[PDB]
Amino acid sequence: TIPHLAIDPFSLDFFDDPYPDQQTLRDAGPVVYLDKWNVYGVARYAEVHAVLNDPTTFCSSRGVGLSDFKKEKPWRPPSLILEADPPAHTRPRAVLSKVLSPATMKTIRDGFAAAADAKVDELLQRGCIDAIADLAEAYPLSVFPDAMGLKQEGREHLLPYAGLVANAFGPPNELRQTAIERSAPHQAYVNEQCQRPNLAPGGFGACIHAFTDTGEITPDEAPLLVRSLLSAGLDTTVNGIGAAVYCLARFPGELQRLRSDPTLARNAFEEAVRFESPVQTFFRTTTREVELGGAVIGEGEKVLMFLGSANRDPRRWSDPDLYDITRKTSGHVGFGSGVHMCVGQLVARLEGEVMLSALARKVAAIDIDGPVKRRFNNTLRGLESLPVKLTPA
């Protein structure tokens, strides 16, 4: 009843061009079995959305990577939010929600926007840049570590640690084992910066520690919650901004619409998140026998959700393979859906919005003028290098 496929969604060939294989996965049926890794897969929007929104049946506390924490030891102490289920999830989630809240965004927006404008001004003086290193990486690194309250020294560990975390959700392939082999210095830096004395007053990390006296989290839970923001708070924003620049370079008609109405900047970034989905996949583990899309899945089975595929499912989206900055993006699953839906989404959207706004107001053309190189990661999609020429408006 369930089609079995040999597609390896964690292979370099798949990463290099995933979209034909994602169509094969969608069109094979609502639920597939991936023989390479002995997991179930769902690649259509309907089933991905259903799985995300049933956390009791499709839990997170046995890990959201391939590994089942009931069977194997986690490679680091589990996240108190990403790898927890309700009710344990609920109060740590509330703390991070308040730390990264709508009200917090007001306190950081002016500085984030000023830094985005300053970066584009700097880049226009150079003309020919690498939109990854010099823009997609450089801009988040110029605002988010400061907003965290991190010291200056050791920040070179942040992107490597995030890539390690992302690779470690994958299967035990070469990408994962090489990441773990190289992990020790990055883990040591990150774990140390999570301690309260190392986080500057008023920043995200200090605010997490300040919540330890409300009864929502204890003092010994705050370092792991800081760790969540150091794990998740940079690499997907980098990939999303790079994806947005890539899209504006490949679809010049959309850059022209953005220039003509810069208030489209927020939705142009949201559409980039749908179109390139920086987080491609997450797993759940079944806690009982369950019927999903006409399939019976036993207890204790891993279920791989294809978020990027769900965001390009023609059953849900009109012309899913077009980048359209006025698309109604509401409902895409690039940030997840339901109780675990990205708690940092307002930070990511703020950064993406103000960077695309600066581009919309200052740049007349973005032309690729060198070889584009892909960055390979078991769970993240994004570019390694994006040589562009920026023409000033």
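Throughout, we count residues from 1 along the sequence that is shown.
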Which is higher on average in the deposited entry, the C-alpha temperature factors of 213-221 or of 279-287?
-> 213-221
Per the entry, where is the mean C-alpha temperature factor higher: 364-372 or 66-74?
-> 364-372
Entry record, C-alpha B-factors for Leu150, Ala136, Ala244, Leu229; the maximum is at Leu150
Kindly indicate the residue among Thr178, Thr237, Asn167, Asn267 with the greatest C-alpha B-factor in the PDB record.
-> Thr178
Name the third of the chain's ranked CA B-factors that contains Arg182, choosing lowest, middle or highest.
-> highest
Can you work out whether the C-alpha temperature factor of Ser79 puts it in the lowest, middle or highest third of the chain?
-> lowest
Record-listed C-alpha B factor of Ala50: chain third = highest
Of the three thirds of the chain ranked by Cα temperature factor, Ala131 occupies the middle
Taking the C-alpha B-factors as the PDB entry records them, is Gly29 in the lowest, middle or highest third of its chain?
-> highest
